[PDB]
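The chain below stands alone and is given as structure tokens, in the form deposited in one PDB entry.
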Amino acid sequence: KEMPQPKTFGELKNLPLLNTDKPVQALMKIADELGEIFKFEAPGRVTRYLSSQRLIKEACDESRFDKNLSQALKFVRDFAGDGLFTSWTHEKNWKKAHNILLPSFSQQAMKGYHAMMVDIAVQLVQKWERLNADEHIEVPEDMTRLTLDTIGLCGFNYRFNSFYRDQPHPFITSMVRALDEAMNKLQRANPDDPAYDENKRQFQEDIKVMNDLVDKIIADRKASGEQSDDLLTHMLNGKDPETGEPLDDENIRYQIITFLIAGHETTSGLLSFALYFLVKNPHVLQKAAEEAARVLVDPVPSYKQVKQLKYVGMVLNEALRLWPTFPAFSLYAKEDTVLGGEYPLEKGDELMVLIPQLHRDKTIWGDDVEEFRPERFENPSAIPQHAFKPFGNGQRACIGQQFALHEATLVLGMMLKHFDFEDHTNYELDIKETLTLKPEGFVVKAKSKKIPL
């Protein structure tokens, strides 16, 4: 039985297929042509891309497969270290940090973060209230200002003040450039070529910038002793119940860098896609706006009011179905095993879960998988197990899921309460790929409903 494989480039095998600005979208097209599984080879490396719920449900069995660091994550590890996102499950610091931080990311914890989320959300709305008549909004740029500032503030009581700037904060410049470099390393044949020497030097300079700001943030909080109820305070004080150990300061840095990466890259994309779908589907926008108007009856939304925004939740989940913003995750076989009754795997063999394809599995979702329909999530127990995984799988799933959904629900709810929206350019979806997916160049006009804050 021969597993499908895309086109090759002689000795380089499939590698040059990733020499593109849009590798995930390319892989989606290959998946459409080849089906639920294909092998992908490079010099000295092989993986298998999975696209169907029936295979992915097996891949998600944690007794058989564990999280793998893709080559992308191995490069991100050069600045995110053994933080939660780029550590192996068997490294002592994973379970330790996981145990310490899980309570700080719970739904109940969101009650405590809510006030600071509102602070940044109000800044966004005020920005849009203050635009002149025929000016427009640069959507992913503003969502990124919001999401980065929220995690900065909620997490570590640090204000990036992104709405006060055109040029990002120096940490963000370095982080964005470090991420770009990490993703660019995947797609260059002969990575030791002299041309890439300057890229490597700038990389080391960006890592240093990140470490020095965050180390300083940690040291400052240690030296002040201030008990600001946030992630940083929790990490400086908390002990892992299992080992009885706290995180050391180096690992705390790695977690902070990791949360900032997450806040910048991934939540902003969700909000950007959600707004994109709303302006392309005005009946959905109407339903979401009506809910926002009916529910958010006070100038400052409450935690309880955000929980009440069911339809806005459904909008966000349908946006995640179509464009899960961190679109692939990797697994390895813990032991020899056979996938799907058909594909034998050896210990250590790697799998890639193509989340956007899983979410277009017609045998699960129906034939209309490209349509934006939030009512797919109106009665969510209808969704089969492992059919919807925008936040990954099992113990290695996104720790920030509740944070991200709370922020996104609050913000999207406020946006729909306060403004009508116009797709003035009839924007053509163009998806930029970094660590994540975003709708590049998405612009709208927002006409104020003149409801005070």
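The numbering used is simple: start at 1 and walk along the sequence shown.
What comes next is about the form deposited with a partner chain bound, which is not displayed.
Enquirer: Do residue 280 and the partner chain share at least one heavy atom pair within 4.5 Å in the entry with it bound?
Expert: Output for residue 280 is no: heavy atoms all beyond 4.5 Å of the partner chain.
Enquirer: Is there a heavy atom of residue 102 lying 4.5 Å or less from a heavy atom of the partner chain in the entry with it bound?
Expert: Taking the distances in the entry with it bound, the answer for residue 102 is yes, it comes within 4.5 Å of the partner chain.
Enquirer: Is residue 228 one of the residues lying within 4.5 Å of the partner chain in the entry with it bound, judged by heavy atom distances?
Expert: Contact with the partner chain, no.
Enquirer: Check residue 241 for me: does it contact the partner chain in the entry with it bound (non-hydrogen atoms, 4.5 angstroms)?
Expert: Yes, contact at 4.5 Å.
Enquirer: Name the stretch: of 272-280, 255-263, 351-359, 94-102, exactly one has residues whose heavy atoms fall within 4.5 Å of the partner chain in the entry with it bound.
Expert: Only one stretch passes the 4.5 Å heavy-atom test: 94-102.
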